[PDB]
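For reference, upload-v3.pdb (PDB, C-alpha atoms):
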```
ATOM      1  CA  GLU A  35      48.599  24.033  36.644  1.00  0.00           C
ATOM      2  CA  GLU A  36      46.642  22.083  39.248  1.00  0.00           C
ATOM      3  CA  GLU A  37      43.308  23.254  37.830  1.00  0.00           C
ATOM      4  CA  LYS A  38      44.521  22.234  34.378  1.00  0.00           C
ATOM      5  CA  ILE A  39      44.975  18.699  35.723  1.00  0.00           C
ATOM      6  CA  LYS A  40      41.534  18.752  37.358  1.00  0.00           C
ATOM      7  CA  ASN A  41      39.653  19.244  34.075  1.00  0.00           C
ATOM      8  CA  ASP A  42      41.427  16.361  32.317  1.00  0.00           C
ATOM      9  CA  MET A  43      40.980  14.027  35.284  1.00  0.00           C
ATOM     10  CA  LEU A  44      37.269  14.843  35.411  1.00  0.00           C
ATOM     11  CA  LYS A  45      37.168  14.071  31.690  1.00  0.00           C
ATOM     12  CA  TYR A  46      38.594  10.636  32.546  1.00  0.00           C
ATOM     13  CA  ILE A  47      36.027   9.881  35.288  1.00  0.00           C
ATOM     14  CA  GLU A  48      33.418   9.273  32.577  1.00  0.00           C
ATOM     15  CA  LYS A  49      35.199   6.082  31.468  1.00  0.00           C
ATOM     16  CA  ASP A  50      35.560   2.704  33.172  1.00  0.00           C
ATOM     17  CA  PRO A  51      38.804   2.433  35.176  1.00  0.00           C
ATOM     18  CA  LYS A  52      39.696  -0.942  33.682  1.00  0.00           C
ATOM     19  CA  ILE A  53      43.462  -1.367  34.050  1.00  0.00           C
ATOM     20  CA  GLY A  54      45.176  -4.376  32.506  1.00  0.00           C
ATOM     21  CA  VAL A  55      48.518  -5.876  33.530  1.00  0.00           C
ATOM     22  CA  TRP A  56      50.378  -8.748  31.842  1.00  0.00           C
ATOM     23  CA  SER A  57      52.935  -9.804  34.461  1.00  0.00           C
ATOM     24  CA  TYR A  58      54.054 -13.368  35.167  1.00  0.00           C
ATOM     25  CA  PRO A  59      55.404 -12.804  38.734  1.00  0.00           C
ATOM     26  CA  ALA A  60      52.346 -10.868  39.915  1.00  0.00           C
ATOM     27  CA  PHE A  61      50.005 -13.360  38.245  1.00  0.00           C
ATOM     28  CA  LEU A  62      51.802 -16.310  39.839  1.00  0.00           C
ATOM     29  CA  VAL A  63      51.734 -14.817  43.341  1.00  0.00           C
ATOM     30  CA  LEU A  64      48.086 -13.740  43.041  1.00  0.00           C
ATOM     31  CA  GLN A  65      46.962 -17.139  41.738  1.00  0.00           C
ATOM     32  CA  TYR A  66      48.999 -18.942  44.396  1.00  0.00           C
ATOM     33  CA  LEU A  67      47.290 -16.909  47.107  1.00  0.00           C
ATOM     34  CA  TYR A  68      43.872 -17.394  45.482  1.00  0.00           C
ATOM     35  CA  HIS A  69      44.248 -21.176  45.418  1.00  0.00           C
ATOM     36  CA  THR A  70      45.998 -21.445  48.769  1.00  0.00           C
ATOM     37  CA  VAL A  71      44.102 -19.178  51.215  1.00  0.00           C
ATOM     38  CA  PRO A  72      40.277 -19.295  51.092  1.00  0.00           C
ATOM     39  CA  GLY A  73      38.379 -16.080  50.527  1.00  0.00           C
ATOM     40  CA  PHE A  74      41.415 -14.319  49.048  1.00  0.00           C
ATOM     41  CA  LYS A  75      40.239 -11.124  47.324  1.00  0.00           C
ATOM     42  CA  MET A  76      42.761 -11.329  44.495  1.00  0.00           C
ATOM     43  CA  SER A  77      41.433  -8.276  42.647  1.00  0.00           C
ATOM     44  CA  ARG A  78      41.380  -6.094  45.775  1.00  0.00           C
ATOM     45  CA  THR A  79      44.993  -6.947  46.620  1.00  0.00           C
ATOM     46  CA  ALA A  80      46.055  -6.380  43.005  1.00  0.00           C
ATOM     47  CA  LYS A  81      44.361  -2.965  43.051  1.00  0.00           C
ATOM     48  CA  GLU A  82      46.117  -2.180  46.341  1.00  0.00           C
ATOM     49  CA  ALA A  83      49.463  -3.181  44.817  1.00  0.00           C
ATOM     50  CA  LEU A  84      48.905  -1.014  41.746  1.00  0.00           C
ATOM     51  CA  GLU A  85      47.777   1.955  43.836  1.00  0.00           C
ATOM     52  CA  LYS A  86      50.703   1.600  46.260  1.00  0.00           C
ATOM     53  CA  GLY A  87      53.371   1.339  43.567  1.00  0.00           C
ATOM     54  CA  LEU A  88      51.864   4.061  41.391  1.00  0.00           C
ATOM     55  CA  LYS A  89      51.505   6.440  44.344  1.00  0.00           C
ATOM     56  CA  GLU A  90      55.148   5.783  45.211  1.00  0.00           C
ATOM     57  CA  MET A  91      56.177   6.599  41.631  1.00  0.00           C
ATOM     58  CA  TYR A  92      53.840   9.613  41.136  1.00  0.00           C
ATOM     59  CA  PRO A  93      52.730  10.770  44.607  1.00  0.00           C
ATOM     60  CA  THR A  94      51.389  14.196  43.625  1.00  0.00           C
ATOM     61  CA  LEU A  95      49.417  12.985  40.604  1.00  0.00           C
ATOM     62  CA  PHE A  96      48.100  10.028  42.598  1.00  0.00           C
ATOM     63  CA  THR A  97      46.970  12.320  45.420  1.00  0.00           C
ATOM     64  CA  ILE A  98      45.299  14.686  42.935  1.00  0.00           C
ATOM     65  CA  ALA A  99      43.494  11.793  41.237  1.00  0.00           C
ATOM     66  CA  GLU A 100      42.448  10.333  44.596  1.00  0.00           C
ATOM     67  CA  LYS A 101      41.152  13.707  45.830  1.00  0.00           C
ATOM     68  CA  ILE A 102      39.210  14.302  42.599  1.00  0.00           C
ATOM     69  CA  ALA A 103      37.708  10.801  42.661  1.00  0.00           C
ATOM     70  CA  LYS A 104      36.857  11.012  46.368  1.00  0.00           C
ATOM     71  CA  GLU A 105      35.378  14.522  46.179  1.00  0.00           C
ATOM     72  CA  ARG A 106      33.112  13.209  43.407  1.00  0.00           C
ATOM     73  CA  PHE A 107      31.152  11.371  46.112  1.00  0.00           C
ATOM     74  CA  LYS A 108      28.061  13.596  46.018  1.00  0.00           C
TER      75      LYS A 108
ATOM     76  CA  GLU B  35      57.559 -25.839  51.508  1.00  0.00           C
ATOM     77  CA  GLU B  36      59.406 -23.944  48.786  1.00  0.00           C
ATOM     78  CA  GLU B  37      59.190 -26.891  46.386  1.00  0.00           C
ATOM     79  CA  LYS B  38      55.476 -27.122  47.148  1.00  0.00           C
ATOM     80  CA  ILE B  39      55.131 -23.532  45.921  1.00  0.00           C
ATOM     81  CA  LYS B  40      57.196 -24.273  42.807  1.00  0.00           C
ATOM     82  CA  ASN B  41      54.783 -26.913  41.473  1.00  0.00           C
ATOM     83  CA  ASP B  42      51.714 -24.677  41.839  1.00  0.00           C
ATOM     84  CA  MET B  43      53.472 -21.688  40.280  1.00  0.00           C
ATOM     85  CA  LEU B  44      54.550 -23.820  37.323  1.00  0.00           C
ATOM     86  CA  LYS B  45      50.921 -24.914  37.033  1.00  0.00           C
ATOM     87  CA  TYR B  46      50.018 -21.218  36.739  1.00  0.00           C
ATOM     88  CA  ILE B  47      52.588 -20.462  34.000  1.00  0.00           C
ATOM     89  CA  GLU B  48      50.353 -22.276  31.503  1.00  0.00           C
ATOM     90  CA  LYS B  49      47.735 -19.504  31.711  1.00  0.00           C
ATOM     91  CA  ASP B  50      47.792 -15.917  30.457  1.00  0.00           C
ATOM     92  CA  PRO B  51      48.923 -13.458  33.157  1.00  0.00           C
ATOM     93  CA  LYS B  52      46.034 -11.082  32.504  1.00  0.00           C
ATOM     94  CA  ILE B  53      45.550  -9.014  35.665  1.00  0.00           C
ATOM     95  CA  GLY B  54      42.630  -6.609  35.912  1.00  0.00           C
ATOM     96  CA  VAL B  55      42.357  -3.574  38.189  1.00  0.00           C
ATOM     97  CA  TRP B  56      39.341  -1.280  38.633  1.00  0.00           C
ATOM     98  CA  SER B  57      40.811   1.790  40.343  1.00  0.00           C
ATOM     99  CA  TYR B  58      39.771   5.394  39.723  1.00  0.00           C
ATOM    100  CA  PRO B  59      42.966   7.102  41.042  1.00  0.00           C
ATOM    101  CA  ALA B  60      45.342   4.826  39.128  1.00  0.00           C
ATOM    102  CA  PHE B  61      43.209   5.080  35.988  1.00  0.00           C
ATOM    103  CA  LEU B  62      43.104   8.877  36.213  1.00  0.00           C
ATOM    104  CA  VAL B  63      46.865   9.230  36.683  1.00  0.00           C
ATOM    105  CA  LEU B  64      47.661   6.727  33.916  1.00  0.00           C
ATOM    106  CA  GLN B  65      45.273   8.370  31.443  1.00  0.00           C
ATOM    107  CA  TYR B  66      46.555  11.832  32.354  1.00  0.00           C
ATOM    108  CA  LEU B  67      50.112  10.724  31.630  1.00  0.00           C
ATOM    109  CA  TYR B  68      49.035   8.961  28.422  1.00  0.00           C
ATOM    110  CA  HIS B  69      47.343  12.083  27.069  1.00  0.00           C
ATOM    111  CA  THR B  70      49.930  14.523  28.382  1.00  0.00           C
ATOM    112  CA  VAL B  71      53.378  13.032  27.606  1.00  0.00           C
ATOM    113  CA  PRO B  72      53.866  11.480  24.141  1.00  0.00           C
ATOM    114  CA  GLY B  73      55.017   7.891  23.902  1.00  0.00           C
ATOM    115  CA  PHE B  74      53.915   7.097  27.461  1.00  0.00           C
ATOM    116  CA  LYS B  75      53.901   3.308  27.905  1.00  0.00           C
ATOM    117  CA  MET B  76      50.862   3.253  30.178  1.00  0.00           C
ATOM    118  CA  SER B  77      50.704  -0.543  30.428  1.00  0.00           C
ATOM    119  CA  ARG B  78      54.416  -0.895  31.234  1.00  0.00           C
ATOM    120  CA  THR B  79      54.206   1.660  34.049  1.00  0.00           C
ATOM    121  CA  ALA B  80      51.032   0.037  35.392  1.00  0.00           C
ATOM    122  CA  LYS B  81      52.778  -3.352  35.403  1.00  0.00           C
ATOM    123  CA  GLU B  82      55.748  -1.773  37.194  1.00  0.00           C
ATOM    124  CA  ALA B  83      53.405  -0.270  39.797  1.00  0.00           C
ATOM    125  CA  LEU B  84      51.656  -3.592  40.387  1.00  0.00           C
ATOM    126  CA  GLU B  85      54.948  -5.478  40.624  1.00  0.00           C
ATOM    127  CA  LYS B  86      56.473  -2.897  42.986  1.00  0.00           C
ATOM    128  CA  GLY B  87      53.507  -2.785  45.358  1.00  0.00           C
ATOM    129  CA  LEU B  88      52.948  -6.540  45.314  1.00  0.00           C
ATOM    130  CA  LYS B  89      56.637  -7.254  45.940  1.00  0.00           C
ATOM    131  CA  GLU B  90      56.523  -4.831  48.869  1.00  0.00           C
ATOM    132  CA  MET B  91      53.489  -6.650  50.293  1.00  0.00           C
ATOM    133  CA  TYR B  92      54.694 -10.230  49.571  1.00  0.00           C
ATOM    134  CA  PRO B  93      58.465 -10.057  48.961  1.00  0.00           C
ATOM    135  CA  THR B  94      59.238 -13.767  49.333  1.00  0.00           C
ATOM    136  CA  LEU B  95      56.367 -14.977  47.147  1.00  0.00           C
ATOM    137  CA  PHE B  96      57.143 -12.292  44.570  1.00  0.00           C
ATOM    138  CA  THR B  97      60.809 -13.315  44.474  1.00  0.00           C
ATOM    139  CA  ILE B  98      59.853 -16.995  44.135  1.00  0.00           C
ATOM    140  CA  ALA B  99      57.439 -16.213  41.296  1.00  0.00           C
ATOM    141  CA  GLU B 100      60.010 -13.990  39.577  1.00  0.00           C
ATOM    142  CA  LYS B 101      62.734 -16.649  39.878  1.00  0.00           C
ATOM    143  CA  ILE B 102      60.422 -19.372  38.536  1.00  0.00           C
ATOM    144  CA  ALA B 103      59.275 -17.195  35.626  1.00  0.00           C
ATOM    145  CA  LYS B 104      62.820 -16.059  34.814  1.00  0.00           C
ATOM    146  CA  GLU B 105      64.360 -19.539  35.069  1.00  0.00           C
ATOM    147  CA  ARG B 106      61.720 -20.680  32.566  1.00  0.00           C
ATOM    148  CA  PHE B 107      63.704 -18.830  29.887  1.00  0.00           C
ATOM    149  CA  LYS B 108      65.067 -21.919  28.122  1.00  0.00           C
TER     150      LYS B 108
END
```
Same coordinates, now as structure tokens:
Amino acid sequence: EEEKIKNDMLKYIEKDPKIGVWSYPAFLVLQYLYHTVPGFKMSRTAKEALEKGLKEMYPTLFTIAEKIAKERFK
Amino acid sequence: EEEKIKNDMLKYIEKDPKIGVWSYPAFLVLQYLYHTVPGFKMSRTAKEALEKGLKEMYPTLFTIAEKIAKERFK
């Protein structure tokens, strides 16, 4: 169950976590903030948005993935 | 105010809304679902997650961007 998920998720660590989104509203808001407030970390806020929404949709899987990624610190 | 935002957002329509996220938890959950449930629209769910989280963080800007993008239908 849980340990079945762990092996697959560790198989997915090996790859680059590039995630691509084609979304006009999100792009417009992010670009507006980038051009309007200096120093706006557009990519960080987009990652936060993705992580927040995805954790809300799939809380258990998101927590498992976060624990596996974190506990791969050393 | 609002009409100042409209001009910039219409300036940003011209570009491709490619949004890129480098996030290990979100990547792990999305790839787990892609490999585990057939027909999983990974990109659609990632876009939904980004839109949900970003609308929660910036509801007014997200609604403005969504209205501008929608009302550019014809």
Residues of stretch 53-85 of chain B within 7 Å of stretch 88-95 of chain A: nearest atom pair and distance (Å, one decimal) for each, counting only C-alpha atoms, sorted by chain and number, as a Markdown table?
```
| residue | atom | partner | partner_atom | distance |
| --- | --- | --- | --- | --- |
| B:60 | CA | A:88 | CA | 6.9 |
| B:63 | CA | A:95 | CA | 6.0 |
| B:83 | CA | A:88 | CA | 4.9 |
```
I'd like to see the residues matched by the ChimeraX specification (/A :<8) & /B on this file, and ideally I'd get them as a ChimeraX atom specification.
/B:39,42-43,46-47,50-63,65-66,77,80-88,91,95-97,99-100,103
Could you do a least-squares fit of chain B on chain A over every C-alpha atom, in sequence order, and give the output as an mmCIF file with C-alpha atoms, in the frame of the given file?
```
data_model
loop_
_atom_site.group_PDB
_atom_site.id
_atom_site.type_symbol
_atom_site.label_atom_id
_atom_site.label_comp_id
_atom_site.auth_asym_id
_atom_site.auth_seq_id
_atom_site.Cartn_x
_atom_site.Cartn_y
_atom_site.Cartn_z
ATOM 1 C CA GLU B 35 48.599 24.033 36.643
ATOM 2 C CA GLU B 36 46.642 22.083 39.247
ATOM 3 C CA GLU B 37 43.308 23.255 37.831
ATOM 4 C CA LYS B 38 44.521 22.234 34.379
ATOM 5 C CA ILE B 39 44.975 18.699 35.723
ATOM 6 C CA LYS B 40 41.535 18.752 37.359
ATOM 7 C CA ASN B 41 39.653 19.244 34.074
ATOM 8 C CA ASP B 42 41.428 16.361 32.317
ATOM 9 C CA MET B 43 40.980 14.027 35.285
ATOM 10 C CA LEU B 44 37.269 14.842 35.410
ATOM 11 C CA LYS B 45 37.168 14.071 31.690
ATOM 12 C CA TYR B 46 38.594 10.636 32.546
ATOM 13 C CA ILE B 47 36.027 9.882 35.288
ATOM 14 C CA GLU B 48 33.419 9.273 32.577
ATOM 15 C CA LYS B 49 35.199 6.082 31.468
ATOM 16 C CA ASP B 50 35.560 2.704 33.172
ATOM 17 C CA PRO B 51 38.804 2.433 35.176
ATOM 18 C CA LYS B 52 39.696 -0.941 33.682
ATOM 19 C CA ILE B 53 43.462 -1.368 34.050
ATOM 20 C CA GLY B 54 45.176 -4.376 32.506
ATOM 21 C CA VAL B 55 48.518 -5.876 33.530
ATOM 22 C CA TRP B 56 50.378 -8.748 31.842
ATOM 23 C CA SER B 57 52.934 -9.804 34.462
ATOM 24 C CA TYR B 58 54.054 -13.368 35.167
ATOM 25 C CA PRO B 59 55.403 -12.804 38.735
ATOM 26 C CA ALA B 60 52.345 -10.869 39.915
ATOM 27 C CA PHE B 61 50.005 -13.360 38.245
ATOM 28 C CA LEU B 62 51.802 -16.311 39.840
ATOM 29 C CA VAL B 63 51.734 -14.817 43.340
ATOM 30 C CA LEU B 64 48.086 -13.740 43.041
ATOM 31 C CA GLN B 65 46.962 -17.140 41.738
ATOM 32 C CA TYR B 66 48.999 -18.942 44.395
ATOM 33 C CA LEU B 67 47.291 -16.909 47.107
ATOM 34 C CA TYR B 68 43.873 -17.394 45.482
ATOM 35 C CA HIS B 69 44.247 -21.175 45.418
ATOM 36 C CA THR B 70 45.998 -21.446 48.769
ATOM 37 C CA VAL B 71 44.102 -19.178 51.215
ATOM 38 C CA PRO B 72 40.278 -19.295 51.092
ATOM 39 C CA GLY B 73 38.378 -16.080 50.526
ATOM 40 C CA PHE B 74 41.415 -14.319 49.047
ATOM 41 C CA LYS B 75 40.239 -11.125 47.324
ATOM 42 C CA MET B 76 42.761 -11.329 44.495
ATOM 43 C CA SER B 77 41.433 -8.276 42.647
ATOM 44 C CA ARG B 78 41.380 -6.094 45.776
ATOM 45 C CA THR B 79 44.993 -6.946 46.620
ATOM 46 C CA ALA B 80 46.055 -6.380 43.006
ATOM 47 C CA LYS B 81 44.361 -2.965 43.051
ATOM 48 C CA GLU B 82 46.116 -2.180 46.341
ATOM 49 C CA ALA B 83 49.463 -3.181 44.817
ATOM 50 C CA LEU B 84 48.905 -1.013 41.746
ATOM 51 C CA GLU B 85 47.777 1.955 43.836
ATOM 52 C CA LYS B 86 50.703 1.600 46.260
ATOM 53 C CA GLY B 87 53.370 1.339 43.567
ATOM 54 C CA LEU B 88 51.864 4.061 41.391
ATOM 55 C CA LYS B 89 51.504 6.440 44.344
ATOM 56 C CA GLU B 90 55.148 5.783 45.211
ATOM 57 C CA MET B 91 56.177 6.599 41.631
ATOM 58 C CA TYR B 92 53.840 9.613 41.136
ATOM 59 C CA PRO B 93 52.730 10.770 44.607
ATOM 60 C CA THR B 94 51.390 14.197 43.625
ATOM 61 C CA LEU B 95 49.418 12.984 40.604
ATOM 62 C CA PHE B 96 48.100 10.028 42.598
ATOM 63 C CA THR B 97 46.970 12.320 45.421
ATOM 64 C CA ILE B 98 45.299 14.686 42.934
ATOM 65 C CA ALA B 99 43.494 11.794 41.237
ATOM 66 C CA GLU B 100 42.448 10.333 44.596
ATOM 67 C CA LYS B 101 41.151 13.706 45.830
ATOM 68 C CA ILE B 102 39.211 14.302 42.599
ATOM 69 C CA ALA B 103 37.709 10.800 42.661
ATOM 70 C CA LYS B 104 36.856 11.011 46.368
ATOM 71 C CA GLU B 105 35.378 14.522 46.179
ATOM 72 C CA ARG B 106 33.112 13.209 43.407
ATOM 73 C CA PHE B 107 31.152 11.371 46.112
ATOM 74 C CA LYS B 108 28.060 13.596 46.018
#
```
What box, with edges along x, y and z, holds each listed atom of stretch 68-74 of chain A when 3 Å is added on every side, and can you state its centre and edge lengths in Å to one decimal, as AutoDock Vina command-line options?
```
--center_x 42.2 --center_y -17.9 --center_z 48.3 --size_x 13.6 --size_y 13.1 --size_z 11.8
```
What is the atom CA of residue A:72 to atom CA of residue B:35 distance in Å?
18.5 Å
Record the distance separating atom CA of residue B:73 and atom CA of residue A:41, expressed in Å with one decimal.
21.6 Å
Filled-in N, CA and C atoms of stretch 89-101 of chain A, supplied as an mmCIF file, in the coordinates of the input:
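File part_1.cif, as written:
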```
data_model
loop_
_atom_site.group_PDB
_atom_site.id
_atom_site.type_symbol
_atom_site.label_atom_id
_atom_site.label_comp_id
_atom_site.auth_asym_id
_atom_site.auth_seq_id
_atom_site.Cartn_x
_atom_site.Cartn_y
_atom_site.Cartn_z
ATOM 1 N N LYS A 89 51.385 5.294 43.452
ATOM 2 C CA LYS A 89 51.505 6.440 44.344
ATOM 3 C C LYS A 89 52.958 6.674 44.735
ATOM 4 N N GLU A 90 53.724 5.601 44.948
ATOM 5 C CA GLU A 90 55.148 5.783 45.211
ATOM 6 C C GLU A 90 55.861 6.413 44.019
ATOM 7 N N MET A 91 55.514 6.007 42.793
ATOM 8 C CA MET A 91 56.177 6.599 41.631
ATOM 9 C C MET A 91 55.719 8.035 41.376
ATOM 10 N N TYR A 92 54.413 8.303 41.463
ATOM 11 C CA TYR A 92 53.840 9.613 41.136
ATOM 12 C C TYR A 92 52.952 10.073 42.286
ATOM 13 N N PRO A 93 53.550 10.437 43.427
ATOM 14 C CA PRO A 93 52.730 10.770 44.607
ATOM 15 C C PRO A 93 51.789 11.944 44.412
ATOM 16 N N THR A 94 52.245 13.022 43.771
ATOM 17 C CA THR A 94 51.389 14.196 43.625
ATOM 18 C C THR A 94 50.226 13.917 42.681
ATOM 19 N N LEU A 95 50.502 13.311 41.524
ATOM 20 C CA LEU A 95 49.417 12.985 40.604
ATOM 21 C C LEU A 95 48.458 11.979 41.224
ATOM 22 N N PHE A 96 48.984 11.000 41.963
ATOM 23 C CA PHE A 96 48.100 10.028 42.598
ATOM 24 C C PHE A 96 47.217 10.696 43.643
ATOM 25 N N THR A 97 47.778 11.621 44.426
ATOM 26 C CA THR A 97 46.970 12.320 45.420
ATOM 27 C C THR A 97 45.923 13.206 44.756
ATOM 28 N N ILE A 98 46.279 13.877 43.659
ATOM 29 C CA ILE A 98 45.299 14.686 42.935
ATOM 30 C C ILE A 98 44.171 13.808 42.406
ATOM 31 N N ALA A 99 44.518 12.684 41.774
ATOM 32 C CA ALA A 99 43.494 11.793 41.237
ATOM 33 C C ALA A 99 42.607 11.242 42.345
ATOM 34 N N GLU A 100 43.210 10.865 43.474
ATOM 35 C CA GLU A 100 42.448 10.333 44.596
ATOM 36 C C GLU A 100 41.519 11.389 45.187
ATOM 37 N N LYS A 101 41.999 12.629 45.325
ATOM 38 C CA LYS A 101 41.152 13.707 45.830
ATOM 39 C C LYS A 101 40.000 14.012 44.877
#
```
